[PDB]
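Worksheet: the structure to be examined is printed underneath.
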Amino acid sequence: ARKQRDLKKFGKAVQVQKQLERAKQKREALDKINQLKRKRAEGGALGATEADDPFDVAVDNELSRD
Amino acid sequence: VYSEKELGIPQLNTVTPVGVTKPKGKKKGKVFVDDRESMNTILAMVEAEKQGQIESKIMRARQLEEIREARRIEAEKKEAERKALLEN
Amino acid sequence: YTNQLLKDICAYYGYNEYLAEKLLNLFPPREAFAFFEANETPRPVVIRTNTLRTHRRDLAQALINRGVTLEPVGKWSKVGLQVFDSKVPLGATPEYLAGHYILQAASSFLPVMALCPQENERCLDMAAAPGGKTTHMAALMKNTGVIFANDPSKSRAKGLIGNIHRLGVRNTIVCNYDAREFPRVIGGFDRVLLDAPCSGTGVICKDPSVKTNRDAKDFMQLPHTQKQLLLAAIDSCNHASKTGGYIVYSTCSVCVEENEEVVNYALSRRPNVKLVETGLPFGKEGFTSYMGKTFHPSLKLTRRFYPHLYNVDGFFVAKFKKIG
Amino acid sequence: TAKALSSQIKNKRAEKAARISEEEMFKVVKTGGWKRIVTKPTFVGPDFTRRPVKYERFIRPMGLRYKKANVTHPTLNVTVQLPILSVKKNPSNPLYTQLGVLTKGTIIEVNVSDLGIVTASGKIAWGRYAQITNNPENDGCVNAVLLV
Amino acid sequence: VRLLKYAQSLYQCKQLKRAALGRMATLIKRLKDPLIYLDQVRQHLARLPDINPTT
Amino acid sequence: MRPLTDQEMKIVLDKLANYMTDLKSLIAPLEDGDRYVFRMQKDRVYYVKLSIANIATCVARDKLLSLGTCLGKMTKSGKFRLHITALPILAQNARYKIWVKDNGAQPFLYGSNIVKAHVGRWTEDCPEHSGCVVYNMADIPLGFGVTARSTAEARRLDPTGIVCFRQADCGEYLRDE
RNA sequence: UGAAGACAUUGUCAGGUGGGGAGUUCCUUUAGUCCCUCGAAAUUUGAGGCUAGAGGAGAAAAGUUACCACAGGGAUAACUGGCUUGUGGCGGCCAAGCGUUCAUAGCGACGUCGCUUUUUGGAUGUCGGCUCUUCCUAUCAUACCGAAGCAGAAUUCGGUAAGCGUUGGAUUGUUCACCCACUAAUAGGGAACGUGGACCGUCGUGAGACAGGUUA
């Protein structure tokens, strides 16, 4: 009952910060992609195909050998 | 209506013994019944539950006798293993 | 001239100059031209029946009823068939769903056919990426004995296990190990199967990358890796057994650096190996000496398969018996 | 020189040439708002796939998929239609990423064998990143900028 | 037609129709020269004498 | 690298006896003396021979992936599950078998529940919620599940009704590819 | 004392494993040394060692997911209303101006170039069907003109124009497309789209059912 009361009295704010987080995440995503384009236009030097690792991982590894 | 496992209700010393009880939240012991005889004992109890009600006293008695033989063989094998461990 | 032909072939077909030089060395201009036309020409698709679950005439009748055009693949392969056209997709047909058959190539036929697994035998397959070879060994031995399957990668490993459970092998242990590590870890197998990773020059219709995605560096590292692979296999194999056990080497590379040279190296290193007739009807003689490099004259029995001679993937086989 | 490059690629393609559905499957499943159909373009790849139950009921319609994408190469100033290999990351929604939804700015993997770009060690590349940079739902044609 | 059938908004239909009509406009724009050539051949084939080879 | 413990193998045999009958035949000694013994790796249980377990224990825990035939995995709550990988032994020692046609088996292979028009011929004296094994016309093991009701109620029920609660089928194999 | 019989068999080590038992509280990612070792290779590479950049209470079960079913809570009572139409998108080139201080922090129309896009010519679910009144024109015909190799005839495009009239068959679940028959012609629309189930549950939870009800 305590937990339900807290959830009810919070309500809107959870959703508001949910959209705020979901937009901050997309901003970070676009910023990372822009960094990718910038660094790759400046230089690079790959193999035949994409690194088998899913993304965020290849992007930090490329930023690492930057 | 909530699960008794989640509810912190201590065990109680009714007719069914509590025996030795593990300390709460710290390293519950592991006992293996990897032995085929123990497999057969627990499986025979499971099949007893599966059969449930029977209309023949003789059939009920033979079922009970078979699973009693299961415990007897399990106990004999456990005693043999205890003797072997004492030797070693 | 030789240089003019090399430039013309490279320009018209897109091959790398170095690989084109190797292929021109391998085949005379007529045979070379036939080889290039063949390997750009798509290969046919074959179907292998699951003898454990069904038999050839029943499967053929079912696929004819469902509208699939079939033809037996020569007198050599009883378990195989060739697809011309199919109204129903091969993936969704009830026979394939239940496991009555598998899709593959004749090059997938040849190596397990070279092998002769028997009932109650211990077998190894250190490279079974599609799983068809392990499945066909299971079909030959009638689910009697033990199969060990080794893989490097989780992805082709899960594809392997999916194929195995779909075909109901029921007696294979599937693992992610190193092929070099396998002998020391377990060893002692009655039969061993190596499909060594190679340059892939055999099948560029399946892998158009090999047309260029093969440099001298790869041509140097790959034969060394398969050399260690055969070292592992010969370490694994048992010299003496109640049922005769043999090593089988199969690869999908046509370049000589991958073919006959590593097996000559293994024969020179370990005297316990002899080579026996691999038992394959159609093939080409192994070369006694190619580039100033003498090879043991016994390699005559060694067979080769080319797309231009036969509508099969470029493929290479070798069979060995262990003394001690 | 863009005309020359496009003509070379097209002539190579010409010379090379010279030399059940998920919707009906879900209908059968229903017979044997519970349905959600994705209203955004996607890419599948393999012809037939039976999706795990976590994504089984995410139907994608027949026409809205696109097999090839118009890739523009920032250098050499050439634009060519190239096949789509796979979808890697859609920043709008990880669920859209997993399904394969093609929204604006979405990076996919594209086969660049036709372009023939030479990498280090004098080596060629086949698959590279490309950022879908249009709104395919607004304009069905799917356009990407290659990442080189 | 399939895109509009699966359209979900008025702006969706807006841009889809605009894009399609743009595709046809660009196609004719490239077809600019054949129309001129065919108009000229039409004019002459109209102003062509008509004989009877059999007579 | 452990054998099962008390409650674990209790729930395992609970499911295995709900679905099969001759678990004595499963865990009974063989001619050579080798025995089929339950294994469980990464909270996933497997059925292997004792000699197989002995020759496989030499491997490190992390590097080994599969052993014998996978029976199932236990959930976080401790609930034990049997899968299409464990299908063959279930078909071998099935208690109740239900046979379906092709036009009904195709939705069954897709993942649809069994409809009355799908079944070809019926097993007798089937309890309401007892486990059963679903075969095709060719006696090919297609799947397993808990029937919605008994044979008589299935007889007197509408053809369009759901017959068996479709648990797992051949879908899992091609799911992973 | 006899027997099986060189089959079994036992012991010796070199390994590996080990959550079970006992006791305590390094590996991961990267680059170099191209130095040493082991290899390969007709002479150059591969794998380790080494170095230096960044990471880290224990078997009971846990962490976590833009995911699934279920039950519940929270939020919006609902949509558009100077909205709608005929001319695509992506990238480059060019580009008057404006801009952080100046066409270069940069924004930037019309065009052109590259992709779609090229060397031989069926889609449609509930609906409708008929009649009648009125109105709009974004005009099928009638009237009028402007242009076209428009000889004539027959036409095409453009515009002024709503007074006038604006029929069928095939086909189809049914409409249009296409197809053919008349006919000057068979044009498009508006008229508040003009008039005549969901819980109470009970039996199941790996999936559902209920002649059960409360009933709006």
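Identifiers in this document derive from the order of the structure tokens: chains are assigned A, B, ..., residues are numbered from 1 separately in each chain, and ligands are numbered from 1 in order of occurrence.
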
Self-check item: Spatial neighbours of residue 66 of chain F, 7 Å, only C-alpha atoms (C1' of nucleotides), chain gap at least 3 places, as a PyMOL selection string
Solution: chain C and resi 173-175

Quiz item: Can you list, as a ChimeraX atom specification, every protein, DNA or RNA residue that comes within 9 Å of residue 177 of chain C when you count only C-alpha atoms (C1' of nucleotides), leaving out same-chain residues fewer than 2 positions away?
Solution: /C:126,150-153,175,179-182 /F:63-64

Practice problem: Could you please tell me, as number ranges by chain, which residues of chain B have an atom within 9 Å of chain F when using only C-alpha atoms? | Solution: B: 30-36, 39-40, 42-43, 46-47, 50

Output the selection as a PDB file, in the first residue's frame - C-alpha atoms for each residue.
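The resulting file, part09.pdb, is reproduced below:
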ATOM      1  CA  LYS B  30      23.549 -29.517  -1.380  1.00  0.00           C
ATOM      2  CA  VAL B  31      22.714 -33.230  -1.125  1.00  0.00           C
ATOM      3  CA  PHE B  32      22.951 -35.402  -4.219  1.00  0.00           C
ATOM      4  CA  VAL B  33      20.729 -38.397  -4.926  1.00  0.00           C
ATOM      5  CA  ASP B  34      22.602 -39.103  -8.162  1.00  0.00           C
ATOM      6  CA  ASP B  35      22.342 -42.792  -7.215  1.00  0.00           C
ATOM      7  CA  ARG B  36      19.949 -44.775  -9.397  1.00  0.00           C
ATOM      8  CA  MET B  39      16.177 -41.886  -8.401  1.00  0.00           C
ATOM      9  CA  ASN B  40      13.903 -44.930  -8.196  1.00  0.00           C
ATOM     10  CA  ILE B  42      11.694 -40.511  -5.511  1.00  0.00           C
ATOM     11  CA  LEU B  43      10.297 -41.547  -8.899  1.00  0.00           C
ATOM     12  CA  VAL B  46       6.033 -39.447  -7.779  1.00  0.00           C
ATOM     13  CA  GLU B  47       4.216 -42.322  -9.493  1.00  0.00           C
ATOM     14  CA  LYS B  50       0.256 -39.791 -10.012  1.00  0.00           C
TER      15      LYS B  50
END

Quiz item: Using only C-alpha atoms (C1' of nucleotides), which residues sit within 12 Å of residue 170 of chain G once same-chain residues fewer than 6 positions away are excluded, as a ChimeraX atom specification?
Solution: /G:178-181

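Distances here use only C-alpha atoms; by that measure, the residue among C:226, C:163, C:288, C:135 closest to residue 174 of chain F is C:163.
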